[PDB]
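In: Before I ask anything, here's the sequence and the deposited coordinates:
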Amino acid sequence: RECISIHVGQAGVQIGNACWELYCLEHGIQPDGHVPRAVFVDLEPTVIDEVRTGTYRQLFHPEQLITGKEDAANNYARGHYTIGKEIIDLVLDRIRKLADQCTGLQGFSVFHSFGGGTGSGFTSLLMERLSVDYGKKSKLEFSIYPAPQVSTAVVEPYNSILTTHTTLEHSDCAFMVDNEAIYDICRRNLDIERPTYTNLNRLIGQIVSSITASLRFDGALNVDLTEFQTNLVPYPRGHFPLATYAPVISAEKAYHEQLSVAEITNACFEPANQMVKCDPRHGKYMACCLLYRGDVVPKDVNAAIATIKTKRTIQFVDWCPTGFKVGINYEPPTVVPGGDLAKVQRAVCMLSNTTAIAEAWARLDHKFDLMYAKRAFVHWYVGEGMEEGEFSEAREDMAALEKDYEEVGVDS
Amino acid sequence: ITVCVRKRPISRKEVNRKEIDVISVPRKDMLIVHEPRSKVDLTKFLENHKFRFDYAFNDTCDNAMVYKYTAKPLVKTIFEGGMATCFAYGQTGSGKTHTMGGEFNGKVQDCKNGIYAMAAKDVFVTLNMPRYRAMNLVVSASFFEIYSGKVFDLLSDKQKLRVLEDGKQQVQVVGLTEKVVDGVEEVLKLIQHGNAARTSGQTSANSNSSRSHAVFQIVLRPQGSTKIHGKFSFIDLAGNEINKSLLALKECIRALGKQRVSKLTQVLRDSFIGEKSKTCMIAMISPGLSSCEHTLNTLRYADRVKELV
Amino acid sequence: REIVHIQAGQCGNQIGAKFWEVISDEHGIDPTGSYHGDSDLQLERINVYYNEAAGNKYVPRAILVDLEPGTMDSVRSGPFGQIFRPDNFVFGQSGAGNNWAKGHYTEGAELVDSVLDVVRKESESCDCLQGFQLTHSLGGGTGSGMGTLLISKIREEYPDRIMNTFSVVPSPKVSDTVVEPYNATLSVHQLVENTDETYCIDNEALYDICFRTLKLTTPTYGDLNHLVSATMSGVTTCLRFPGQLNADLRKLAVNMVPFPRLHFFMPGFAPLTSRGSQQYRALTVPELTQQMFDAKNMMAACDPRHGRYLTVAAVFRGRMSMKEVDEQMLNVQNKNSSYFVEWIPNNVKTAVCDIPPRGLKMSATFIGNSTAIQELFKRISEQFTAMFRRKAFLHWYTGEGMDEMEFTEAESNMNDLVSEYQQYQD
């Protein structure tokens, strides 16, 4: 029934504090109410401390807040092997101590930031140690994969080609939200050149609320977590769909809010609104899980979608007749009291697997080579319990992820 | 498809009872039933009915003789790469177990004496022949029984097996144990083992019983092939679920000529479907007057089967 | 005579609450209370569903099987929830995963023995057992898998007593699950070969029949369930009442199944009029047959008008003329000679109880064995292949100790089952 969550890496923790905020906010549980149902991991104390100093301070147990005073290191190796190792046990312990206390759970919603040290590496083995300790569950990892041109870390790819290959054979469904492609939404669909990280977080903090929160919440067309991976992954590769939200209108500027279904659903497939720089440049969808929430008439959907199924310029895979999982919830969304999110009475958090990422992975793989081609910051990992193996052998890994996402599509 | 009939002689018990011998086999392929009958006035008269079979065996005929005419000609078929089946069909106590399993009024005894053993003997000899030797075949054997839609491995202590069918509709009995044999002696051991384990009721005073369907198979395998080079299934049928299987069996065999499911037909199905497959049916008859109704039932069933010929 | 209900899975369970919600009132049994029965006849035959212990506590003799606590802990924490003896609750706190394989081979297979245990404690209750009622959905774990096992075991333990199965076959238009055809095809398989009377209901055949035949605008589940439970009461319990011409599970079985498959029916209730207004009372009788025999009003998804019938059983329950009953049935059999199959001179099996549904004047349960249900297993079977072909969410099955030949098996089987059924439509 439940779904634990492990927010790993400063980012996964910032986003965590955010997604965790939106929660109580739409459940009437102020600062000090019940008890969360997740954990927080980081090898840099000062960040988890922000959850220990700032807002939502006492809504957590100093037990579900793991820290390694030591060093973060923007390098996979160190975070996965060398350092990150020391903490893992302890980490697990909570996701085994928190996993027990419950009643027939469904899985762990993992929150990490692909291209980091504590986020890429660590998790790599966290999800790793999970796939074995609970192979019998769902492993949906919600990632924030590398901005297409606006990356931060100098190594980023090293850290992301490595978190992909190690987690690939362990996740159930990996959700993806592109940090940059979300900015566009903040520039083009909300207008603000002042987007603090605290915003992107409010956003995913939204799209995510549509996943677990409301879905695990009764409705006219419930959709379990398992449901996802089933209706969402055509193949064992921990396939990565993309998150998209519909009413991303500004709560100040424009106001047409009352945008009946027929509209908000069409607003999902236009590439300028998908929290991912993977513009459907060719990527044929192969399965979409349209999660609606608020006042929505099933016919409105079983029509708004029909209209789409016949737009053709939206070309769905061949081997897939119908790939539209319609998830209907009741309670409308719940916008921050005064952030910058419109606040409509219905939304569409549609996520999907698109042959599109054939790109995004490509463009991120290429990156890697360029540097590896010169070993660039390699000495930083080797000296951290890794080898020419793990790199070269994780490169070959993704290679067959560029062929995979190619074969499962583009062909009939 | 070949169909034969074999009359067993009257046993000591029947003789002591002074049972009358109703059957005669005046020719190699002619069987006559001297049916006793009474008119309404109760006049006694004999309605002698005549049946013709590819081969009709008299009470004198030994198992070796019967084997020569029925099963023996099938062995080559497996080496040819085909699938052969031999069925013993008839009423309870007609002699089906005796013929297949070995000589015993109890239906249980000397394995060597029966068709399963004799067939095995020929399998080893042929494998050794020059045309065959190149084949580099391995011989495997299995023995299982079908009881109330359930399959039990006689080789593996009555272990209940599960039978599945694909969309393709090919059937497989998972868990069936195949044992490697390289000598007739080996096969005899397996037959003894399986026969001991065979299903039945309480220890009857005498004789075995045929609550089930017995099937001993000889398989030839190089490394697969057509899922094995060739296979011979010898079946000891239950006394004529049972009815459905028998009805099912008839249609499958007749289907063989041209090209209401049951477990037996399901397991055996691959043996009917292929082009290179042959079958022989041996109808067992108990000669006693008391059994006349049973015999006509057996004979008529036989006639329809051969009809396909 | 007797029977022992079986609430497999959540659905089958949720419905249990509605089947017992009803039935009880149709037998004057308050939560833990006894027989308040407005009459004295709603008691001489109760046994069929209860047991004598205290003297005011006639406890429903059903089984509650489920691998998800929360469920039974919602049914046991609500209304009539406190009437089942705790012994009845055979829970499986495990992960009630939505996998047919997880509730039939790996997780359910364990909880089974602790179930059969009770199914025997209840069977060996007293008097003579007739059969067991089975509720569940063929679109989940605890339903199709574990419940489909419960029977495969039951039918080995008493191949004598009957087995009615109430299945919530996967509705067309929209599937309330994703692997649905997986959990389904796999359970129908088990059904066609154990239970000998199945009543297939469709959550959307209900909506329709519940939103247009009952101007009901907000048909909550409770409702659907309620409507269904209304039919299963007319069937069983009902016939365990007097009647000019009464029948009982067997009659129903021995008049409705021409060929051993087991065949599935499609139940239909009689007076199905909206509350206030509609209360037309046009229930003389031609009005009930008018009802029952129309397309809409068949809890099934498929429409009878799309395929002959083999058998029909109008199990009426309310004082009427064995003439205006026996008669009507005829014209009906002649106005529609087209679809009613011919090699059965009298397809219809008229049944007639006396006492009607507590508050109503005249009703009549319909149990149709039409060849139309071919066009449903087709559906299901299709969905399978379209996804099996790509082994879609198959790893959740195999990874649970399953077989690639297991799925093959079921589809085929159930797929052939479609075939056969056509052998009569022609």
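Out: Looks like it arrived, so ask away. Residues are numbered from 1 along each chain as shown, chains lettered A, B, ... in the order given.
In: Next, the buried residues of stretch A:15-27.
Out: A:15-26 (16 or more other C-beta atoms under 10 Å in any protein chain shown). C-beta: built from backbone N, CA, C; applies to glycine.
In: residues making contact with it?
Out: With contact meaning C-beta atoms under 8 Å, 6 or more residues apart in numbering or on different chains, stretch A:15-27 is reached by A:5, A:7, A:29-30, A:33, A:36, A:38, A:40, A:50-51, A:54-56, A:59, A:111, A:113, A:144, A:198, A:200-202, A:204-206, A:208-209, A:213, A:331, A:333-334, A:336-337.
In: What parts of chain C come near chain B?
Out: Residues of chain C lying close to chain B (C-beta under 8 Å from any C-beta of the partner chain) are C:403, C:405-406, C:408-409, C:411-413, C:415.
In: Go through those and say which is closest to residue B:19.
Out: residue C:413 (47.6 Å; C-beta to C-beta).
In: quick one: that closest one and residue C:377, what's the gap?
Out: 10 Å (C-beta to C-beta, to the nearest Å).
In: Pick out whichever of those two has more residues nearby.
Out: Of the pair residue C:413 and residue C:377, residue C:377 is the one with more neighbours under other C-beta atoms under 10 Å in any protein chain shown, namely 24 against 21.
In: can I assume that one sits in a helix?
Out: Yes - Residue C:377: assigned to a helix according to DSSP: H, G, I helix; E, B strand; the rest coil.
In: What helix or strand is the closest residue to residue B:296 other than its chain neighbours located in?
Out: The shortest distance from residue B:296 to any non-neighbouring residue, by C-beta to C-beta, 6 or more residues apart in numbering or on different chains, is to residue B:33 (6.5 Å). Secondary structure assignment for residue B:33, by DSSP states H and E: strand B:30-38.
In: Quickly check: the helix or strand in which residue B:268 is found near chain C or not.
Out: Using DSSP H and E, residue B:268 falls within helix B:263-273. No - Helix B:263-273 does not reach chain C (C-beta under 8 Å from any C-beta); its nearest approach is 11.2 Å.
In: in that helix, what counts as buried?
Out: Residues B:263-272 are the ones in helix B:263-273 that count as buried (16+ other C-beta under 10 Å).
In: one step back: what is the neighbour count of the residue nearest to residue B:296?
Out: Neighbour count of residue B:33, defined by other C-beta under 10 Å: 21.
In: is it in a bridge, and if so with what?
Out: residue B:23, residue B:49 (DSSP bridges).
In: Go ahead and confirm it touches residue B:25.
Out: No - with contacts counted by C-beta atoms under 8 Å, residue B:33 stays clear of residue B:25, the gap being 10.3 Å.
In: For the residue in the stretch 201-350 of chain A that chain B sits nearest to, list the residues it contacts.
Out: As assessed by C-beta to the nearest C-beta, chain B sits closest to residue A:319 within the stretch 201-350 of chain A, at 18.2 Å. Residues near residue A:319 by C-beta under 8 Å, 6+ apart: A:412, C:389-390.
In: Also residue A:189?
Out: Residue A:189 makes contacts with A:248-250, A:272-273, as judged by C-beta under 8 Å, 6+ apart.
In: One more: residue B:154?
Out: Going by C-beta under 8 Å, 6+ apart, residue B:154 touches B:143-145, B:193-195, B:197-198, B:214.
In: And for residue C:164?
Out: Residue C:164 makes contacts with C:131-134, C:195-199, C:235-236, C:249, as judged by C-beta under 8 Å, 6+ apart.
In: With residue A:199 instead?
Out: A:186, A:192, A:339-340.
In: Same question for residue C:262.
Out: Applying C-beta under 8 Å, 6+ apart, we find residue C:262 in contact with C:191-198.
In: What about the residues you listed, which are in helices?
Out: Judged by DSSP state H, the contacts of residue C:262 include residue C:191 as members of helices.
In: what's the closest of the contacts of residue C:262 to chain A?
Out: residue C:191 (23.2 Å).
In: could you dump stretch A:267-277 to PDB, C-alpha only?
Out: Provided in PDB are the C-alpha atoms of stretch A:267-277 (Å, rounded to 0.1, in the frame of the first residue of the first chain):
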ATOM      1  CA  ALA A 267      -0.800  21.300 -23.400                       C
ATOM      2  CA  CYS A 268       1.100  18.200 -22.300                       C
ATOM      3  CA  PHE A 269       2.300  17.100 -25.700                       C
ATOM      4  CA  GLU A 270       3.600  20.400 -26.900                       C
ATOM      5  CA  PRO A 271       7.300  20.000 -26.200                       C
ATOM      6  CA  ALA A 272       7.600  23.300 -24.400                       C
ATOM      7  CA  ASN A 273       6.100  22.000 -21.200                       C
ATOM      8  CA  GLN A 274       7.700  18.800 -20.200                       C
ATOM      9  CA  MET A 275      10.400  19.200 -17.600                       C
ATOM     10  CA  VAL A 276      12.900  17.600 -20.000                       C
ATOM     11  CA  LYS A 277      15.000  18.900 -22.900                       C
END
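In: Check the gap between residue C:117 and residue C:153 for me.
Out: Counting by C-beta to C-beta - residue C:117 and residue C:153 are separated by 11 Å.
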